[PDB]
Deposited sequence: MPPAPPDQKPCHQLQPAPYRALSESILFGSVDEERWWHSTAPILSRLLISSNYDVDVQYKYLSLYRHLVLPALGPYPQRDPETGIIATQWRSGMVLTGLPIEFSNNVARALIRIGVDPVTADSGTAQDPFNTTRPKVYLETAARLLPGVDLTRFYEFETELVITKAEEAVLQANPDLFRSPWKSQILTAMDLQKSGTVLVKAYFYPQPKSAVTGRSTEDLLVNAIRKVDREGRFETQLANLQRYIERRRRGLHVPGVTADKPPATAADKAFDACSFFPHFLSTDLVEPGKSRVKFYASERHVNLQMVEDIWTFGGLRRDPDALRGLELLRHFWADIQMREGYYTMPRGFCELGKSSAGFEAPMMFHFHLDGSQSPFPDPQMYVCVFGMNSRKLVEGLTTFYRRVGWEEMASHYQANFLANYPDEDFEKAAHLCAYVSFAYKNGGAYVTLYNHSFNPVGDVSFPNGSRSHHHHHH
């Protein structure tokens, strides 16, 4: 795999952000304030990732038209405590913001994570945010080519609560006490060509609470019922057997995601979170208890050990946090995560990808450690320029204390090479 592009871009107001800012009439104060707090970051990310200028303008305009109205009310600041937060605490980011730009620094690709909300999201009128994410994906579908919602509707029927089930949770609040109430999250992959690849994520914990069925059973039955051809069957069964092995438990099945394209050629990812955050546990998961030890699998594990050591990952046993850590309060530990890529290929085991929660760790120190890894795998442009670009996104900030600028970092081994993505703070007040 060729090394990723990385151009420096530290401008407070990138040219494309200015050109659009001077031309847009907003019909909402919220949209206008969201734009100015997040558009500069997105514009820098696209310039540093070396997207074409035409494509930069397409995606910033798309951000303006499609995303801004889906962000709902602009976050409000507490005069006393100084905590900046929205009413709806999104399960997409530990800050609780409905927007996140992630950076695939292996390919120099940018993705827009969005949790579509309204003014009523979280209140008594819409306590689990059931409708708006669907409307968002329907709007995206009509606008963007190749977006097939077939997979979304099938998983939505099976993993999202109905009107009747919602009334039960409203009438009996004690049945679901978790602050993480997002059922559906979204992501748009921004390709270099101009094509946008849309993904949906389903968190069935509310459905699990009402129906009395575990998260594992909800996800597996969902995947199995949707998989008419039986393409995911072998890999799903061996994942179940690994989950069965770990049960006989810190390995928790959590959620899934699906690409929105041709159903017979679409792929599902199964996510689980692990509490024991150490390299011994990682090998066990990465190799399925030693069953998956082919050359590609082992070479990936060896590079994972370097990645782990370079970023100075602190090992420990971490549970799911008590609550959110909003922008303003002190930063923190949480469980690591793994997705398993049900790719429908010939392989017996689904492709694993590790996510480590770095929220709580010094962000400047993490990126310096990441630079060490960039030099290890020979990503010259990225090693030289990424750090200065990451920090440039947060001008008025103390990097000596800031531990919220990167929440998660992901690691996978694809096509004989490291695949790394940073999930970063995407908001400047």
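field: Deposited-sequence ranges lacking C-alpha coordinates, in sequence order
entry: According to the record, the gaps fall at 1-2, 251-273, 357-358, 457-474.
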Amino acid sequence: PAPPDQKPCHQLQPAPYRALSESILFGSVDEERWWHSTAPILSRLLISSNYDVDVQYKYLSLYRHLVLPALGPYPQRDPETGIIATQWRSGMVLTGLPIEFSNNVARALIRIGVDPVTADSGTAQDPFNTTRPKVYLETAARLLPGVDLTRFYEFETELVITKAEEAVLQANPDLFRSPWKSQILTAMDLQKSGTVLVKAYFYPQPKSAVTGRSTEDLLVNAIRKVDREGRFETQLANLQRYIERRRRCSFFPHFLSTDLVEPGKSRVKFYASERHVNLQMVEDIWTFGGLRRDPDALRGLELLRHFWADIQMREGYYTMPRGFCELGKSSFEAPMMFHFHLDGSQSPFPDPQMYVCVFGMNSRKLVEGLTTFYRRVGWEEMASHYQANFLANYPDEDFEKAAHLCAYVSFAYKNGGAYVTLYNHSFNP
From here on, numbers count along this sequence of modelled residues.
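field: 395-403 set against 31-39, stretch whose average Cα temperature factor tops the other in the entry
entry: Looking at the record's C-alpha B-factors, the answer is 395-403.
- prompt: Mean C-alpha B-factor higher for 77-85, or for 93-101?
  reply: Comparing averages over the C-alpha atoms only gives 77-85.
message: So if I compare the CA B-factors in the entry for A140, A272, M313, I112, which one is the largest?
response: Going by the entry's C-alpha B-factors, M313 comes out highest.
task: Could you say which of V198, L175, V135, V117 has its CA atom at the highest B factor, as listed in the PDB entry?
output: Reading the PDB entry, the winner on C-alpha B-factor is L175.
- prompt: If you rank the chain by CA B-factor, which third does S384 end up in: lowest, middle or highest?
  reply: Highest third - that is where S384 ends up once the chain's C-alpha B-factors are sorted.
message: For the chain shown, is the CA B-factor of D296 in the lowest, middle or highest third of its modelled residues?
response: For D296, whose C-alpha B-factor we compare with every modelled residue in the chain, the answer is the highest third.
task: Give the position of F202 by CA B-factor within its chain, expressed as the lowest, middle or highest third.
output: Lowest third.
- request: Could you look up the Cα B-factor of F332 in the entry and say which third of the chain it sits in: lowest, middle or highest?
  value: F332: CA B-factor falls in the highest third of its chain.
message: Split into thirds by Cα B-factor across the chain's modelled residues, where does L185 land: lowest, middle or highest?
response: It falls in the bottom third of the chain.
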